[PDB]
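Notes to accompany the following structure.
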Amino acid sequence: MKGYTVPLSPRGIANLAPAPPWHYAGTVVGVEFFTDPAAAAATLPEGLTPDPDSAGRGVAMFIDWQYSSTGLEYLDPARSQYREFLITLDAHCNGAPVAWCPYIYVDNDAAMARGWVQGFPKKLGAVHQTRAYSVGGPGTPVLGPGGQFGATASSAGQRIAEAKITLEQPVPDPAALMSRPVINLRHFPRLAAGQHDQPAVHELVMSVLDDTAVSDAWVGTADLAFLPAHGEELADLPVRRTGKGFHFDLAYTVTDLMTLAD
Amino acid sequence: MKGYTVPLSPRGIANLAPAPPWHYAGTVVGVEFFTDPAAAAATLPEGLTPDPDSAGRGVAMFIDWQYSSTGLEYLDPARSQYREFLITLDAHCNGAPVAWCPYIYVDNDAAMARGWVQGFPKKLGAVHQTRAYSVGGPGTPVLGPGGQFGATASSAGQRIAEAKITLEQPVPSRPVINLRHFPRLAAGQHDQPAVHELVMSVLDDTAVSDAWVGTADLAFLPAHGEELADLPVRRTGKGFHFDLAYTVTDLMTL
Amino acid sequence: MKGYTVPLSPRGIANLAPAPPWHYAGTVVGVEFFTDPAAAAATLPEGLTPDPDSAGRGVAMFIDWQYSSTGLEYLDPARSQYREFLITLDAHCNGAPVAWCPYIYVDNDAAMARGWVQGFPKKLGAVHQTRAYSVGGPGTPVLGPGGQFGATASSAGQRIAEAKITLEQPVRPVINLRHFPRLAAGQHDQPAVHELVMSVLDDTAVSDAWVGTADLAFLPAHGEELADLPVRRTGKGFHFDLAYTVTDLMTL
Amino acid sequence: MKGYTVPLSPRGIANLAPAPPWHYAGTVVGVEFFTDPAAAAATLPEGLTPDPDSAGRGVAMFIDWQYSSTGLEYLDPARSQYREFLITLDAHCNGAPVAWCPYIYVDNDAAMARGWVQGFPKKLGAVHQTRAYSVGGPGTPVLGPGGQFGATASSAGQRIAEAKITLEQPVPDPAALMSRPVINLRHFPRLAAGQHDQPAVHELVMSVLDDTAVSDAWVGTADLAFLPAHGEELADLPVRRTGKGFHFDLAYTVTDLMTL
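Chains as they are written, first to last, in our numbering: chain W, 9 to 270; chain L, 102 to 355; chain X, 26 to 277; chain Z, 104 to 363.
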């Protein structure tokens with residue numbers, strides 16, 4: 009019996025995800041937004057407190073991801089490619105600025121399992137973003153000034169977010185993007201009678217990213233809407249105002265995860 | 102912060118699955134099969150032992166499920182309905198006959214989450230079974246003698262099982278064993294899972310109706326990223342068809 | 026070069042659908058509804074007129090279908106099973122009551138192709154209906170008084186219909202438009218096929234029919250016009266099994 | 104009643120696809136292959152002739168497409184983006200080299216409709232290709248020498264093609280890529296009793312492309328197999344050997360179609 013996630017198996021192949029390292033290359037459409045600070049605060053776990061400066065601020069990101077591990081798994085895009093929609097919300101952890109992730113959607117079961125392991129609360133969703141093609145022409149925007157990109161996310165056949173950005177200029181400090189560490193919650197419940205309120209795993213974690221790299225980063229304007237949907241609570245973070253729109257490539261590797269609190 | 106599974110949330114609605122009770126109603130197309138005893142034994146967790154009498158026996162099941170909880174969730178079929186393929190293998194637990202589940206596939210993320218909590222090692226797949234309709238006619242088999250039912254399962258766009266049964270007669274006890282498993286990602290701990298425990302599936306208010314038995318054809322197909330077909334079908338036993346209903350509120354840690 | 030629909034092929038296997046007969050067995054969750062007569066009339070093809078008595082009335086149906094042809098194709102549910110949401114609207118054809126189908130969605134490409142040949146204007150979508158299981162219990166409604174069924178339809182990741190019925194009590198030809206455009210420059214407004222047809226169903230059977238109360242809404246969606254037939258009020262909800270065979274189609 | 108394809112409608116929005124122009128931008132992973140001449144011949148419509156020089160040769164392509172029309176439809180990727188797998192086979196049309204398309208798969212119903220109108224015989228399938236990311240790192244190949252790219256296609260949950268290419272050098276003559284015009288067959292049957300063998304539309308066509316452009320074109324080595332599947336005949340064109348592998352961006356516009 010071998011393997012990292014379930015199913016464990018004789019050969020350690022069938023598992024949804026193998027052990028790290030997990031490598032990621034992706035292209036991000038992001039939108040800075042502002043919701044009601046109290047609504048942001050309602051989503052925070054114990055151990056996180058409202059950002060004293062930017063309470064209500066969040067980032068919405070629509071990402072086209074390609075995953076690999078140690079054996080050119082990206083040559084199997086049927087399993088290794090996926091698309092992702094998440095939000096983070098500004099908060100503080102012990103007087104430090106962080107980014108809390110309450111909701112996140114992917115179109116891939118391997119990504120869902122990897123996410124749970126990291127404490128990303130992934131559900132399945134349908135996620136799309138406009139692509140820029142080098143060849144150019146009327147089927148594509150320019151990755152440059154004036155370039156317009158749309159992005160959407162649905163869950164269980166219901167549209168939950170729609171965005172558009174228009175690029176204006178290159179990001180001045182690419183390395184500054186996502187300067188806030190991301191905070192998640194590893195959580196795995198018990199089913200034994202009498203223990204449904206006593207999870208086996210329940211711990212705040214900080215995301216740890218190795219060898220992080222950003223390229224081709226642009227900033228501009230943005231439009232964003234969250235839409236009410238049965239069985240979802242995203243739209244309970246209403247978009248009162250949109251800030252900057254962002255487009256960039258992102259790469260990193262996962263090998264670790266920092267447990268803060270159990 | 103409220104909720105049973107992630108995402109936890111202010112209202113406890115966003116979670117993939119709320120707390121039990123979980124209620125199920127389903128229709129099963131199933132195939133008794135026999136593989137190499139040694140290949141079956143290779144899949145067994147430490148706490149289980151080969152069945153002294155029927156080592157190599159297993160059961161393949163394709164199920165059209167409908168789930169609900171305490172609020173008529175079955176009125177939301179886009180979430181509550183799912184289709185499932187699983188196999189179990191005969192084994193023993195302390196001299197008592199049980200059914201070990203090594204592989205199982207569903208087409209619903211809520212089901213996948215509920216599964217993991219029960220220790221069912223669910224992955225996503227595409228599962229289908231022939232349905233019987235009471236109106237009858239050339240678009241449907243009869244649910245009765247001569248009725249033919251097909252079923253298939255795929256994962257990541259690859260077919261892994263194909264089956265057919267032919268019903269012959271109406272029908273005139275092995276608990277399922279699973280492994281709750283949740284790994285750690287902290288460096289140095291990737292071999293030290295936070296949850297790793299053998300469990301027995303506990304089912305409340307179980308009911309079976311409309312059970313038929315007959316013949317069966319079955320194949321497992323090799324697929325990248327899967328090991329189901331490492332359990333070759335040397336032969337089939339009975340095919341079977343029935344409705345099944347039960348409620349989950351509990352789980353026994355072994 | 027064999028086959029009925031594309032792709033044509035050396036063996037006539039690859040086609041999306043072979044020649045009729047096409048057999049169907051299904052379970053229908055449906056809602057009678059009423060929209061604005063003008064909105065319904067705006068969808069009518071040349072050759073159909075408003076119904077003088079029930080203009081505005083329509084029927085919404087969510088169906089779990091199983092198809093087969095001459096070779097027990099229902100043993101291949103990955104191709105043969107599908108789910109369908111459609112509406113019809115009351116109208117007249119030369120003075121006779123008919124049911125015009127403006128919009129229909131299915132979750133299967135074989136079904137789309139069969140539909141197109143019949144003149145059902147199918148697009149892909151995600152369609153779901155509550156199922157009644159004979160075993161009973163808390164995971165299923167019970168067919169009969171008080172049995173509740175939900176149903177939904179989405180298109181391109183957008184919800185476009187939501188419905189619920191409550192059963193209480195036991196218990197018009199469809200007109201379509203075969204339409205295939207031309208792409209030759211100068212001919213984009215001159216379709217190669219454009220003909221009003223009446224649906225012809227062989228050996229039709231209905232069973233275990235119930236009626237009761239209903240709720241129904243069509244939701245606005247980008248790229249869709251269903252919700253431009255707003256539900257002003259609902260009539261009967263209904264539930265039944267349906268079977269028929271298709272071998273023919275009547276050109277009008 | 105407005106619209107181009109069905110459904111026709113009061114505003115001409117609901118239709119699967121509106122009238123042309125249809126614009127395309129995509130990234131192609133391609134494999135030159137060789138099957139049995141007689142197998143290729145078997146798929147040919149009346150009107151086409153085996154190629155006297157390269158009978159049995161074809162090209163398999165996996166493409167990540169983005170479509171748009173006159174209103175920035177590419178801002179709605181849920182509808183406008185799709186993935187496509189097709190093969191063409193070398194043939195002749197009246198002494199001239201062409202490329203016959205027998206089978207093609209897409210993961211989008213609007214593409215299926217546009218395809219049928221063009222005579223592309225589209226079915227639904229699931230198609231994927233490895234992508235190159237500019238940022239680089241262990242999650243991506245390099246778009247350059249040594250870059251490896253995989254690709255797969257499935258139909259109805261069955262795998263029907265798997266491919267990998269390894270790039271070596273720039274395509275010497277990008278303009279010449281797929282210089283063979285594609286031949287298709289517009290086909291629409293009748294359902295009236297007695298007419299099931301008398302289709303309403305049945306005509307050989309040549310694909311017409313406007314403003315075609317290619318960029319970032321690379322060539323290298325390739326591996327490819329077609330797999331037997333129920334209800335498919337692709338694998339009846341068995342890959343006996345592979346030739347070149349190709350990677351390039353492709354863009355064009357569709358406004359016309361030539362009936363042969």
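Don't be surprised by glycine CBs; every beta carbon is placed ideally from N, CA and C.
Item                                                                                                                                                                                        : Value
I'd like to know whether the C-beta of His126 (chain Z) is nearer than 8 Å to at least one C-beta of chain W.                                                                               : yes
Hey, is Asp224 (chain W)'s beta-carbon within less than 8 Å of any beta-carbon in chain Z?                                                                                                  : yes
Could you give the residue range of the beta strand (DSSP E) that holds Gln177 (chain W)?                                                                                                   : 166-178
Mind checking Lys103 (chain L): buried by the 16 CB within 10 Å criterion, or exposed?                                                                                                      : exposed
In the DSSP assignment, what are the bridge partners of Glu298 (chain L)?                                                                                                                   : L:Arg281
Under three-state DSSP, which class holds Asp339 (chain Z)?                                                                                                                                 : helix
Bridge partners of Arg65 (chain W), per DSSP?                                                                                                                                               : W:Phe42
What whole-angstrom Cβ distance do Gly240 (chain Z) and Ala259 (chain W) have, given they're in contact under 8 Å?                                                                          : 4 Å
In chain Z, which residues lie with their C-beta within 8 Å of the C-beta of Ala209 (chain X)?                                                                                              : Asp359, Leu360, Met361, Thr362
Taking only the alpha-carbon atoms, compute the straight-line gap between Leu187 (chain L) and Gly289 (chain L) and give it to the nearest angstrom.                                        : 33 Å
Say whether the segment 171-181 of chain Z touches the segment 217-237 of chain Z, bearing in mind that this needs 3 or more beta-carbon pairs closer than 8 Å, one atom from each stretch. : no
Which residues in chain X sit within 9 Å of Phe188 (chain Z), going by Cβ to Cβ distance?                                                                                                   : None at all; the shortest Cβ gap to chain X is about 13 Å.
Can you give me, in chain order, the residues of the segment 137-161 of chain W that have a beta carbon less than 8 Å from any beta carbon in chain Z?                                      : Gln137, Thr138, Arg139, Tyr141, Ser142, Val143, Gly144, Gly145, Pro146, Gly147, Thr148, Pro149, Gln156, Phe157, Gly158, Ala159, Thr160
Mind listing the chain L neighbours of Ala229 (chain Z)? Cutoff is C-beta to C-beta under 8 Å, in chain order.                                                                              : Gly258
Could you check the C-alpha separation between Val130 (chain L) and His231 (chain Z) for me, to the nearest Å?                                                                              : 32 Å
Under 7 Å between beta-carbons, which chain L residues line up against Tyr92 (chain X)? List them in chain order, please.                                                                   : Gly240
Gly248 (chain L) and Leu268 (chain L) look like a contact to me (Cβ under 8 Å); what is the Cβ gap, rounded to whole Å?                                                                     : 4 Å
Between the C-alpha atoms of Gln182 (chain L) and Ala214 (chain L), what's the straight-line distance to the nearest angstrom?                                                              : 14 Å
Which runs of the beta strand (DSSP E) at least 3 residues long sit entirely within the segment 86-123 of chain W? Give them in chain order.                                                : 89-101, 104-114
Please report the residue range of the beta strand (DSSP E) in which residue 2 (chain W) lies.                                                                                              : Outside the shown range of chain W, which is 9 to 270, sits residue 2 (chain W), and nothing can be said about it.
Report the CB separation of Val274 (chain Z) from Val322 (chain Z) in whole angstroms; it is logged as a contact under 8 Å.                                                                 : 5 Å
Going along the chain, which residues of its own chain have a beta-carbon closer than 7 Å to the beta-carbon of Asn287 (chain Z), five neighbours each way excluded?                        : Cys204, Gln221, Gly222, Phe223, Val308, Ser310
What residue does the beta strand (DSSP E) around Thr229 (chain W) start on, and which one ends it?                                                                                         : 218-234
Can at least three beta-carbon pairs, one atom from the segment 310-329 of chain L and one from the segment 10-29 of chain W, be found at a separation below 8 Å?                           : yes
Below 8 Å, how does it come out for the segment 53-71 of chain W and the segment 98-117 of chain W: are there three or more Cβ pairs, yes or no?                                            : yes
Measuring CB to CB, does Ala163 (chain Z) end up less than 8 Å from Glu187 (chain Z)?                                                                                                       : no
Use the C-beta contact count for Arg36 (chain X): other C-beta atoms within 10 angstroms, 16 or more gives buried, fewer gives exposed.                                                     : exposed
What three-state label does DSSP hand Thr253 (chain L) in the structure shown?                                                                                                              : strand
Within the continuous beta strand (DSSP E) that includes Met275 (chain X), where are the two ends?                                                                                          : 274-276
Pick helix, strand or coil for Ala120 (chain L), following the three-state DSSP scheme.                                                                                                     : coil
Does the CB of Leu41 (chain X) have a neighbour CB from chain L at under 8 Å?                                                                                                               : no
If I'm right that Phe234 (chain W) touches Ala169 (chain W) with Cβ under 8 Å, what's the distance once you round it to whole angstroms?                                                    : 5 Å
Can you have a look at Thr191 (chain Z) and say buried or exposed, based on whether 16 or more other CB atoms are within 10 angstroms of its CB?                                            : buried
Return the chain-ordered list of same chain residues with a C-beta closer than 7 Å to the C-beta of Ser257 (chain Z), the five sequence neighbours on each side being excluded.             : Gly228, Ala229, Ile263
When the Cα atoms are used, what is the spatial distance from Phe163 (chain L) to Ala63 (chain W)?                                                                                          : 49 Å
So with CB distances below 7 Å, who are the chain L contacts of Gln212 (chain X)?                                                                                                           : Simply none; closest approach about 38 Å.
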